[PDB]
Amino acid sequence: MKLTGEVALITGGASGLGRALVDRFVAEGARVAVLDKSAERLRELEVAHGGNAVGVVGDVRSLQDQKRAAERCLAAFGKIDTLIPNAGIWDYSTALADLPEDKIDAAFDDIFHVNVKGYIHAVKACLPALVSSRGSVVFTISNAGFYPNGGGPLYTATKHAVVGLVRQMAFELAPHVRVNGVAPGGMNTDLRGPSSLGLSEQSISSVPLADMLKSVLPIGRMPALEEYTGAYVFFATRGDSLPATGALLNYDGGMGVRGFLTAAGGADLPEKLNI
């Protein structure tokens, strides 16, 4: 177990990637505080991991809620080693042309409050614990932080904003707190969109994400959620990532290195090389 004795706070950890990370982190011997708006899912996760996980109901948009999360983590586990600001919503790749004039202001505020302000508030709230533990922050970005067509303008802009948070916060929190980014690409989660665009009851598992990506990913297949948790384990292992700050790990199946006419260049290698 790589993370014995470590304590993480994960925002958005009641489902999706956040939950997989909760499960993974605990299995690696970490204790985990989760901040999330789903009270139901938070309790299921507490009973799933008796004594190694504590859920706090709150909204990542509220600094006070974030502070409560940090307080609760401190109260239960005595420190915070790794903050993983992870809660997010999608825009379902709604193009600028397709954003209605009378909804765009509301949609902007929703997606940016959650995706960017929620990350700032998480760090703000945990800053005393992180300086104390000489800890780290690992932000969940996305391939939409680097390339287009992973989201419309709003989502792509929020995830690029998060890259800026990686950079600025690695600077500001240095030398005491390390700040890095994992940018995963394509995950069968329960990811929602803004109620403003009528997408708040729409989950990404309901989209054929895996099949759209089949001929877009050089690796050929969209990885399972468990397969995305390793990068975070890595950044959360103190002895393994000490030199890392300002690091951005593109963790998306090769989206930035796909070819022009096909995703991959080496379909024929096995036969070409005779086994």
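Start at 1 and count along the sequence shown; that's the residue number. We call the rigid core whatever largest set of C-alpha positions still superposes within 1.5 Å between the two forms.
Annotation: of the segments 179-187 and 132-140, 179-187 departs further from this form in 5 other deposited structures of this protein (C-alpha atoms, root mean square over structures and residues, core superposition). In the other compared entries of this protein that model both flanking residues, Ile204 lacks coordinates in at least a third of them. When the mean C-alpha temperature factors of 206-214 and 233-241 are read from the deposited coordinates, 206-214 comes out higher. In this entry, 94-102 has the higher mean Cα B-factor, the comparison being between 94-102 and 148-156. Based on the entry's C-alpha B-factors, the most elevated value among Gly185, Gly88, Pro194, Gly181 belongs to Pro194. Looking at the C-alpha B-factors along this chain, the one for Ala14 belongs to the middle third.
Annotation for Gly198: C-alpha temperature factor in the highest third relative to the rest of the modelled chain, per the entry. When all modelled residues of the chain are sorted by CA temperature factor, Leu261 is found within the highest third.
When all modelled residues of the chain are sorted by CA temperature factor, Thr189 is found within the highest third. Per-chain ranking of the deposited C-alpha B factor places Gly220 in the highest third.
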